[PDB]
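For reference, the chain that follows is the form deposited without the named molecule, supplied as structure tokens.
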């Protein structure tokens, strides 16, 4: 019942993101829409590499995937999540730059910034790779730290709440700059705000959920845990679904 729904979700996500990539390569193709490629590839990663592993983990309780396989799937999960987060962050920082800095280039620095974001995302693999090797179960497919709670909550902090406040600060700065300067820019701000809202609304449930469950006595809510997992994955799917409806140009692009 659920497995077919999640498989349909995966196929829709991969297909729509592949069509987005095909549209990007076919034509756009400028300073505008410069980092939505990063969101598209992040969604490709999360869908393609996590969703099959997630449905395998979910169809029954505790199928073991293999120790290196579980490590690598967890690594892709976390690095793709943080890469998408900071990809939105650097997209917003570049929009702020494009709107304010030329008062006081973009193409050549965009590649450097995206590779830097990818590198800072992929340095997250090292904590997972080494926990007892240098920094002193098999049926389970967590292979992470549960006993230490403050490290987990600190990781949650640095991966969600600091980017959230950076998003809010940048949104306020953009709004104030637009107000003091004065329809196309209004539409761009509206689509960015809708992406931010979908992001926050449909990724906050699991984040706060395991923030509370990082330590509790009523932590036995695994069904709602997996519900929030597939909810967040749906949000990752629908970010490139909220995106196309706002822009008419790329709308006509994928109409082809």
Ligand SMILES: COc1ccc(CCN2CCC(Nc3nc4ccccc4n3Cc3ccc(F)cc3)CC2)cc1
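C-alpha atoms forming the largest set that superposes within 1.5 Å between two forms make up the rigid core. Positions refer to the first chain, counted from 1.
Where the other entries model residues on both sides, is residue 138 skipped in at least a third?
Yes: coordinates for residue 138 absent from at least a third of the compared entries.
Looking across the other entries that model both neighbours, is residue 63 missing in at least a third?
Yes.
Unmodelled stretch from the deposited sequence between residue 136 and residue 137, which bin: none, 1 to 3, 4 to 9, 10 or more?
4 to 9 residues are missing.
Zero if continuous, otherwise a range: how many residues of the deposited sequence are missing coordinates between residue 182 and residue 183 (none, 1 to 3, 4 to 9, 10 or more)?
Per the record, 10 or more deposited residues are absent between residue 182 and residue 183.
Heads up, the form solved in complex with the named molecule isn't pictured, but that's what we're talking about next.
Should residue 156 be classed as touching the named molecule in the deposited complex when contacts are defined as heavy atoms within 4.5 Å?
Residue 156 belongs to the contact set for the named molecule.
Taking the named molecule as it sits in the deposited complex, is residue 233 near enough to touch it, meaning that at least one heavy atom pair lies within 4.5 angstroms?
Answer yes; at least one heavy atom of residue 233 falls within 4.5 Å of the named molecule in the deposited complex.
Is residue 81 close enough to touch the named molecule in the deposited complex, meaning at least one heavy atom pair within 4.5 Å?
Yes.
So in the deposited complex, does residue 33 come within 4.5 Å of the named molecule, heavy atom to heavy atom?
Residue 33: no contact with the named molecule in the deposited complex.
All three of 57, 199 and 229 touching the named molecule in the deposited complex at 4.5 Å, heavy atom to heavy atom?
Contact check passed for all of 57, 199 and 229.
Looking at 96, 124, 118, 89 here, can you tell me which has any non-hydrogen atom within 4.5 angstroms of the named molecule in the deposited complex?
Result of the distance check: 124.
Which of these stretches, 64-72, 190-198, 37-45, 203-211, has heavy atoms within 4.5 Å of the named molecule in the deposited complex?
It is the stretch 203-211.
Kindly specify the one residue in 45, 37, 65, 200 whose Cα moves by 2 Å or more between this form and the one not shown, with superposition done on the rigid core.
Flagged residue: 65.
Please say whether, between this form and the one not shown, the C-alpha of residue 152 moves by 2 Å or more once the core is aligned.
Comparing forms between this form and the one not shown, the residue 152 CA shifts below 2 Å.
Answer yes if the CA of residue 98 moves 2 Å or more between this form and the one not shown after aligning the rigid core, and no otherwise.
Comparing forms between this form and the one not shown, the residue 98 CA shifts at least 2 Å.
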